[PDB]
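Asker: Handing you this structure, nothing more for now.
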Amino acid sequence: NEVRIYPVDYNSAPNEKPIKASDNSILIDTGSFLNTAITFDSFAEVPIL
Amino acid sequence: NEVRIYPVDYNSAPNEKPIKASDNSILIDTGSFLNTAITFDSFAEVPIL
Amino acid sequence: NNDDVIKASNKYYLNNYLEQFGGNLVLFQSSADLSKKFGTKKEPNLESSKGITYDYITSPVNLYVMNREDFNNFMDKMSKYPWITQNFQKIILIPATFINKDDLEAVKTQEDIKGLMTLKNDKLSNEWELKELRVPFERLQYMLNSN
Amino acid sequence: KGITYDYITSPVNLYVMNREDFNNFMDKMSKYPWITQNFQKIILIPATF
């Protein structure tokens, strides 16, 4: 489990084209796109037997 | 297992005498003599049962 | 490469290219050899493995490869045998492009397994060429707006 | 037993075999799981040494 939260339209020059698949989902968002983003890890953990 | 490869006659002033045993093998070569040398380690490893 | 340069205040990404390998065959490292018959439920039977010698590198462990769909079915079939499952060492999702289809060999066990396969004694994986990540100099100039 | 190779001695035993014969030897010893479990380390030393 992991989350990576990055700004959108950050350090992205206008007219940039974000690559996408046939589903139209934005595989690579414009800008830093996780190059400068927060990495949420370790949602939790509990002692195990 | 390990290899150490060092230059010979490197930073060694002329007239230097390399110490050797009766076998005449050069125990201590002239110059840096492993002070500045490449250290080849981990020839390989394969998963074990 | 000279040092005569003036700093550019504003810079932003212009073009993005992505190169990926969709196929992901499931690798399988197992010390126990599945070719040999497993022991019955009460009494087990293990015989270790043999040396594959893939990519000029040899080790006792055995490597199997199977598609994503068949892996869970194979796990379900082998649920009866806990000791063999405990013996599995490492599981890796290698891309499909690297491994030649021909190099794969089918293997038959005591039970009926759908699509278990094993690598040959001596074979070499392909080189993953990159084609999308190729930009000529003129394209760089055009992106610089200086043609 | 103690081999005492290169002036250094330890209880472990060292064997050497060519790449082709190793897999056949593994197949022959598959009947004996406890011996195989006892193998400690496998290294691909160059032949020249």
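As shown in the structure tokens, the chain order sets the letters A, B, ...; within each chain, residues go from 1, and ligands are also counted from 1 in the order they appear.
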Per residue of chain D within 9 Å of chain B, which atom pair is closest and at what distance in Å (one decimal), using only C-alpha atoms, listed by chain and increasing number, as a tab-separated table?

Answerer:
residue	atom	partner	partner_atom	distance
D:36	CA	B:49	CA	6.9
D:37	CA	B:49	CA	5.8
D:38	CA	B:49	CA	8.4
D:39	CA	B:48	CA	7.3
D:40	CA	B:48	CA	7.3
D:41	CA	B:48	CA	6.8
D:42	CA	B:45	CA	6.0
D:43	CA	B:45	CA	5.0
D:44	CA	B:44	CA	5.3
D:45	CA	B:43	CA	6.0
D:46	CA	B:43	CA	7.9

Asker: Compile the contact shell of range 21-29 of chain D as a count of residues only: residues with an atom at most 9 Å away, counting only C-alpha atoms, same-chain residues fewer than 2 positions apart removed.

Answerer: 19

Asker: At a cut-off of 12 Å, list the chain A residues touching chain C, using only C-alpha atoms, as a short mmCIF file (atom, residue, chain, number, x, y, z; two decimals) with N, CA, C and O atoms, in the first residue's frame.

Answerer:
data_model
loop_
_atom_site.label_atom_id
_atom_site.label_comp_id
_atom_site.auth_asym_id
_atom_site.auth_seq_id
_atom_site.Cartn_x
_atom_site.Cartn_y
_atom_site.Cartn_z
N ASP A 9 -0.37 20.77 -12.95
CA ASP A 9 -0.05 22.01 -13.65
C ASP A 9 1.02 22.80 -12.90
O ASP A 9 0.98 24.02 -12.82
N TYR A 10 2.00 22.07 -12.35
CA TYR A 10 3.09 22.66 -11.59
C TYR A 10 4.37 22.55 -12.41
O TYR A 10 4.77 21.44 -12.80
N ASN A 11 5.01 23.68 -12.66
CA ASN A 11 6.22 23.72 -13.47
C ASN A 11 5.98 23.10 -14.84
O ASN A 11 6.87 22.49 -15.44
N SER A 12 4.76 23.26 -15.35
CA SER A 12 4.35 22.72 -16.63
C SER A 12 4.09 23.88 -17.59
O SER A 12 3.16 24.66 -17.38
N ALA A 13 4.90 23.98 -18.63
CA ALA A 13 4.73 25.05 -19.59
C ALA A 13 3.43 24.84 -20.37
O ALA A 13 3.00 23.71 -20.59
N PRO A 14 2.77 25.92 -20.79
CA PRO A 14 1.54 25.77 -21.56
C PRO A 14 1.81 25.07 -22.88
O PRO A 14 2.91 25.12 -23.42
N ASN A 15 0.78 24.41 -23.40
CA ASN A 15 0.79 23.63 -24.63
C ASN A 15 1.37 22.24 -24.41
O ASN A 15 1.46 21.47 -25.37
N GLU A 16 1.77 21.89 -23.19
CA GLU A 16 2.25 20.55 -22.92
C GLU A 16 1.12 19.54 -23.12
O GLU A 16 -0.04 19.81 -22.78
N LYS A 17 1.46 18.38 -23.66
CA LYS A 17 0.50 17.32 -23.92
C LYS A 17 0.78 16.14 -23.00
O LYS A 17 1.84 15.51 -23.12
N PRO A 18 -0.14 15.80 -22.09
CA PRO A 18 0.10 14.64 -21.21
C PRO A 18 -0.23 13.33 -21.90
O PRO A 18 -1.33 13.15 -22.41
N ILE A 19 0.73 12.40 -21.91
CA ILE A 19 0.51 11.12 -22.59
C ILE A 19 -0.60 10.36 -21.88
O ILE A 19 -0.72 10.39 -20.65
N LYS A 20 -1.42 9.67 -22.67
CA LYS A 20 -2.55 8.92 -22.13
C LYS A 20 -2.79 7.70 -23.00
O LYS A 20 -2.41 7.66 -24.18
N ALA A 21 -3.44 6.70 -22.42
CA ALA A 21 -3.78 5.48 -23.14
C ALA A 21 -5.16 5.63 -23.78
O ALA A 21 -5.80 6.68 -23.70
N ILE A 26 -4.93 9.85 -17.62
CA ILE A 26 -3.68 10.59 -17.72
C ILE A 26 -2.60 9.76 -17.02
O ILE A 26 -2.44 9.84 -15.80
N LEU A 27 -1.87 8.96 -17.79
CA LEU A 27 -0.79 8.16 -17.22
C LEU A 27 0.32 9.06 -16.68
O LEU A 27 0.83 8.83 -15.57
N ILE A 28 0.70 10.07 -17.44
CA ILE A 28 1.76 11.00 -17.06
C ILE A 28 1.18 12.40 -17.05
O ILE A 28 0.96 12.99 -18.12
N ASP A 29 0.94 12.94 -15.86
CA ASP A 29 0.42 14.29 -15.72
C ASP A 29 1.51 15.31 -16.03
O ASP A 29 2.70 15.05 -15.93
N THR A 30 1.07 16.50 -16.43
CA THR A 30 2.00 17.57 -16.76
C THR A 30 2.72 18.06 -15.51
O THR A 30 2.16 18.08 -14.41
N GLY A 31 3.97 18.46 -15.70
CA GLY A 31 4.75 19.03 -14.62
C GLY A 31 5.73 18.05 -14.01
O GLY A 31 6.22 17.12 -14.65
N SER A 32 6.01 18.27 -12.73
CA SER A 32 6.96 17.42 -12.02
C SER A 32 6.49 15.97 -12.00
O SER A 32 7.28 15.05 -12.25
N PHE A 33 5.22 15.75 -11.71
CA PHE A 33 4.61 14.42 -11.78
C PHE A 33 5.41 13.40 -10.97
O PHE A 33 6.05 12.50 -11.51
N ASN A 35 8.09 13.82 -9.35
CA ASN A 35 9.48 14.19 -9.12
C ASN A 35 9.62 15.02 -7.85
O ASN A 35 10.61 14.90 -7.13
#

Asker: Please report the interatomic distance between CA of residue 86 in chain C and CA of residue 119 in chain C in Å with one decimal.

Answerer: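 So the two atoms, CA of residue 86 in chain C and CA of residue 119 in chain C, lie 22.1 Å apart.
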
Asker: Quick one: residues within 9 Å of residue 38 in chain C, only C-alpha atoms counted, chain neighbours fewer than 4 positions away excluded, as a VMD selection string?

Answerer: chain C and resid 34 44 to 46 81 84 109 to 110

Asker: Could you pull out the strand (DSSP E) residues of chain A from DSSP and send them as an NGL selection string?

Answerer: :A and (2-5 or 38-41)

Asker: Would you save the residues of that selection, restricted to N, CA, C and O atoms, as an mmCIF file, in the first residue's frame?

Answerer:
data_model
loop_
_atom_site.group_PDB
_atom_site.id
_atom_site.type_symbol
_atom_site.label_atom_id
_atom_site.label_comp_id
_atom_site.auth_asym_id
_atom_site.auth_seq_id
_atom_site.Cartn_x
_atom_site.Cartn_y
_atom_site.Cartn_z
ATOM 1 N N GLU A 2 0.498 2.224 -0.824
ATOM 2 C CA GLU A 2 1.251 3.465 -0.937
ATOM 3 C C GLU A 2 0.417 4.534 -1.628
ATOM 4 O O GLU A 2 -0.421 4.219 -2.479
ATOM 5 N N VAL A 3 0.634 5.797 -1.270
ATOM 6 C CA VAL A 3 0.005 6.930 -1.938
ATOM 7 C C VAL A 3 1.107 7.896 -2.337
ATOM 8 O O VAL A 3 2.082 8.068 -1.599
ATOM 9 N N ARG A 4 0.960 8.522 -3.499
ATOM 10 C CA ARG A 4 1.869 9.567 -3.937
ATOM 11 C C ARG A 4 1.036 10.736 -4.434
ATOM 12 O O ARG A 4 0.279 10.597 -5.402
ATOM 13 N N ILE A 5 1.164 11.874 -3.764
ATOM 14 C CA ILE A 5 0.341 13.046 -4.040
ATOM 15 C C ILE A 5 1.249 14.118 -4.615
ATOM 16 O O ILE A 5 2.230 14.526 -3.977
ATOM 17 N N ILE A 38 4.675 14.266 -2.372
ATOM 18 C CA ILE A 38 4.696 13.637 -1.059
ATOM 19 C C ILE A 38 4.371 12.158 -1.201
ATOM 20 O O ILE A 38 3.483 11.764 -1.972
ATOM 21 N N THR A 39 5.095 11.329 -0.451
ATOM 22 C CA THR A 39 4.993 9.874 -0.525
ATOM 23 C C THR A 39 4.438 9.355 0.798
ATOM 24 O O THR A 39 5.190 9.154 1.757
ATOM 25 N N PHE A 40 3.128 9.134 0.848
ATOM 26 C CA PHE A 40 2.499 8.565 2.029
ATOM 27 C C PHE A 40 2.686 7.053 2.036
ATOM 28 O O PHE A 40 2.262 6.355 1.108
ATOM 29 N N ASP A 41 3.319 6.555 3.095
ATOM 30 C CA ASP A 41 3.635 5.144 3.239
ATOM 31 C C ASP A 41 3.307 4.721 4.663
ATOM 32 O O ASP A 41 3.189 5.550 5.568
#

Asker: Write down as number ranges by chain the residues belonging to chain D that are assigned alpha helix (DSSP H) by DSSP computed on the backbone.

Answerer: D: 19-28, 33-38

Asker: Which residues are near range 67-74 of chain C? Cut-off 7 Å, only C-alpha atoms, ignore same chain within fewer than 4 positions. Put them as a list in words.

Answerer: residues 25, 26, 78, 113, 114 and 115 of chain C

Asker: Give me the residues near residue 106 in chain C as a PyMOL selection string, where near means some atom within 8 Å (using only C-alpha atoms) and where sequence neighbours in that chain fewer than 6 positions away do not count.

Answerer: chain C and resi 115-118

Asker: Pull N, CA, C and O atoms from the residues just selected and write them as a short mmCIF file (atom, residue, chain, number, x, y, z; two decimals), in the first residue's frame.

Answerer:
data_model
loop_
_atom_site.label_atom_id
_atom_site.label_comp_id
_atom_site.auth_asym_id
_atom_site.auth_seq_id
_atom_site.Cartn_x
_atom_site.Cartn_y
_atom_site.Cartn_z
N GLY C 115 -0.57 -24.50 -16.64
CA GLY C 115 0.43 -23.87 -17.47
C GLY C 115 1.79 -23.65 -16.83
O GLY C 115 2.45 -22.64 -17.10
N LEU C 116 2.22 -24.57 -15.98
CA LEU C 116 3.56 -24.47 -15.40
C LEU C 116 4.61 -24.66 -16.49
O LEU C 116 4.47 -25.51 -17.36
N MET C 117 5.67 -23.85 -16.43
CA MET C 117 6.74 -23.93 -17.41
C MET C 117 8.06 -23.63 -16.72
O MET C 117 8.11 -23.02 -15.65
N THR C 118 9.15 -24.08 -17.35
CA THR C 118 10.48 -23.96 -16.78
C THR C 118 11.46 -23.57 -17.88
O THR C 118 11.28 -23.90 -19.05
#

Asker: Compare C:133, C:61, C:140, C:93 by their minimum atom-to-atom distance to chain D, counting only C-alpha atoms, and give me the closest one.

Answerer: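 Using only C-alpha atoms, the shortest distance to chain D belongs to C:61.
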
Asker: Quick one: distance from CA of residue 85 in chain C to CA of residue 27 in chain C in Å, one decimal?

Answerer: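 Separating CA of residue 85 in chain C from CA of residue 27 in chain C is a distance of 14.8 Å.
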
Asker: What does the structure give for the distance between CA of residue 98 in chain C and CA of residue 32 in chain C, in Å to one decimal?

Answerer: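 About the pair CA of residue 98 in chain C and CA of residue 32 in chain C: they are 25.1 Å apart.
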